[PDB]
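The first residue in the sequence is number 1, and the count goes up from there. Both backbone and side-chain heavy atoms feed into the values below; hydrogens, waters and symmetry mates do not.
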Amino acid sequence: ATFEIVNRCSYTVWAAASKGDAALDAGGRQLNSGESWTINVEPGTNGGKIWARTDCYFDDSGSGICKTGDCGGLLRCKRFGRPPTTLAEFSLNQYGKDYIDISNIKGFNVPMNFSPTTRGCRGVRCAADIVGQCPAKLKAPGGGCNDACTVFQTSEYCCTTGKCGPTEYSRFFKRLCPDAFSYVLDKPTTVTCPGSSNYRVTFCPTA
């Protein structure tokens with residue numbers, strides 16, 4: 001499947017694409033404001049994620065650091081990034097279907113729209129000003145708004161026992177972005193699409 005990744009933000013982001021144990025396509029690249037980056041993702045890919053990283057510095061060997069979403073210091077991500085990271089999540093060709101969502105379970109850094117460019121399903125969006133509204137205890141100095149699990153490391157916020165409820169903190173993400181996962185056991189906002197659909201991820205889809 002084909003994903004076009006478009007930076008509509010006024011600032012540069014460093015896109016990243018990974019399935020956790022391996023890069024998807026090149027795994028990462030710089031996107032200046034307006035740039036689009038087309039990647040191919042193998043059919044049957046399970047647990048793929050795309051995210052933006054902000055304020056990165058990389059040397060000529062692709063090694064460095066980002067203030068949000070850093071994946072162990074690499075331009076080309078093999079692993080998932082450090083929170084806070086708004087996440088586009090997908091599992092492809094799973095019994096004839098594609099499954100897509102946006103998640104705030106690992107916090108939020110950049111607003112995002114995740115839409116099919118082919119027929120037969122709707123997209124999802126989390127485009128509210130979560131960083132500006134972020135509760136004081138969840139603010140990340142680097143920028144971004146952390147999830148409560150990352151900050152506090154409790155069983156309730158992390159849903160370690162497989163039973164947990166919504167919290168003051170998850171309700172904040174949910175009030176601003178009803179279409180994104182706000183905690184591990186949130187009512188699913190997954191969208192089912194035809195197997196082998198193609199997609200566009202747009203950073204800062206509004207402004």
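Taking 4.5 Å as the limit, every side-chain heavy atom of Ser115 sits out of range of all side-chain heavy atoms of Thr117. Residues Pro205 and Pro111 have side chains in contact (heavy-atom distance under 4.5 Å, counting atoms from C-beta outward). Looking only at side-chain heavy atoms (C-beta outward), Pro43 and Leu92 stay at 4.5 Å or farther from each other. The shortest distance between side-chain heavy atoms of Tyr183 and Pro166 falls below 4.5 Å. The side-chain heavy atoms of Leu138 and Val151, taken from C-beta on, include a pair separated by under 4.5 Å. For the pair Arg122/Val124, no side-chain contact is recorded, criterion being any heavy-atom separation below 4.5 Å from C-beta on. For the pair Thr38 and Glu4, the minimum side-chain heavy-atom distance is below 4.5 Å. No side-chain heavy atom of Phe181 sits less than 4.5 Å from a side-chain heavy atom of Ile102.
Applying the side-chain contact (heavy atoms from CB on, under 4.5 Å) test between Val41 and each of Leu24, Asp25, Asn198 identifies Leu24 as the sole match.
Residues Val6 and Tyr199 fall into different hydrophobic clusters, defined by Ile, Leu, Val, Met, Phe, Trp and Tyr side chains chained together at heavy-atom separations under 4.5 Å. Under the 4.5 Å side-chain heavy-atom criterion for grouping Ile, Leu, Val, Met, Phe, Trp and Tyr, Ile65 is not connected to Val13 through any hydrophobic cluster. Hydrophobic clustering of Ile, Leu, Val, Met, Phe, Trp and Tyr side chains at less than 4.5 Å, counting indirect connections, keeps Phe108 apart from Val201. Linking ILVMFWY residues whenever their side-chain heavy atoms come closer than 4.5 Å, directly or via other members, leaves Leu75 and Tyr11 in distinct clusters. Hydrophobic clustering (side-chain heavy atoms under 4.5 Å, transitive across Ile, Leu, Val, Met, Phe, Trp, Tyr) groups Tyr169 together with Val131.
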Check the pair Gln153 / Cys158 against side-chain contact (heavy atoms from CB on, under 4.5 Å), numbers first and verdict last. CA-CA 7 Å; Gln153 296 287 90; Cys158 303; 4.2 Å; yes
Show your reasoning for whether side-chain contact (heavy atoms from CB on, under 4.5 Å) applies to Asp147 and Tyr157. CA-CA 8 Å; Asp147 65 281; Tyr157 295 141; over 6 Å; no
So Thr190 and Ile100, side-chain contact (heavy atoms from CB on, under 4.5 Å) or not? Walk me through it. CA-CA 6 Å; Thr190 306; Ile100 71 163; over 6 Å; no
Report the C-alpha distance between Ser63 and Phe58 in whole Å, list the side-chain angles of each, state the deciding distance to 0.1 Å, and finish with yes or no for side-chain contact (heavy atoms from CB on, under 4.5 Å). CA-CA 5 Å; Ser63 215; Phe58 292 112; 5.8 Å; no
Go through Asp101 and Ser103 one step at a time and tell me if the side-chain hydrogen bond (donor to acceptor under 3.5 Å, both in side chains) criterion holds. CA-CA 6 Å; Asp101 65 73; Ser103 175; 5.0 Å; no
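Atom CZ of residue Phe203 and atom SG of residue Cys9 lie 7.5 Å apart, to the nearest 0.5 angstrom. Remark: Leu74 CG to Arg79 CZ distance equals 10.0 Å, nearest 0.5 Å. With rounding to the nearest 0.5 angstrom, the CH2 atom of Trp37 is 6.5 Å from the CZ atom of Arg29. In this structure, the separation between NZ on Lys19 and NZ on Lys78 is 10.5 Å, given to the nearest 0.5 Å. Distance check: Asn113 CG to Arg125 CZ gives 4.0 Å after rounding to the nearest 0.5 Å. The CD1 atom of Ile50 lies 11.5 Å from the SG atom of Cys77; values are rounded to the nearest 0.5 Å.
Salt bridge present: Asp186 and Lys174 bring a charged side-chain N and a carboxylate O closer than 4.0 Å.
The shortest heavy-atom contact between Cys121 and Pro116 is O-CG, 3.4 Å. Across all their heavy atoms, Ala1 and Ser197 have their closest contact at CB-O, 3.3 Å. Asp98 approaches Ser196 most closely through the heavy-atom pair OD1-N, 3.3 Å. In terms of heavy atoms, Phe172 sits closest to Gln133 at CE1-O, 3.5 Å. Scanning all heavy atoms of the two residues, the minimum distance from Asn104 to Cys177 falls at OD1-CB, 3.9 Å. Of all non-hydrogen atoms in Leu176 and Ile130, the two that sit nearest each other are CD2-CG1, 3.6 Å.
With hydrogens and angles disregarded, no donor-acceptor distance shorter than 3.5 Å links the side chain of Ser170 to the backbone of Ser182. Side-chain atoms of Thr85 do not come within 3.5 Å of backbone N or O of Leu87 as any donor-acceptor pair. No donor-acceptor pair closer than 3.5 Å links the side chain of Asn93 to the backbone N or O of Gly96.
Counting only N and O atoms by type, the side chains of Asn109 and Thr68 include a donor and acceptor under 3.5 Å apart. Remark: the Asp59 side chain and the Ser61 side chain contain an N/O donor-acceptor pair separated by less than 3.5 Å.
In this model, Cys66 has its SG atom within less than 2.5 Å of the SG atom of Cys56. Taken together, the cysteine pair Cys159 and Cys149 keeps its SG atoms at least 2.5 Å away from each other.
By the 30° and 60° cut-offs, the orientation of the rings of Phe90 relative to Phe114 is perpendicular.
Legend: side chain to side chain donor-acceptor pair (under 3.5 Å) pairs involving residues 43-53, not counting sequence neighbours, sorted by first then second residue: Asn46-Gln94, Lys49-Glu89.
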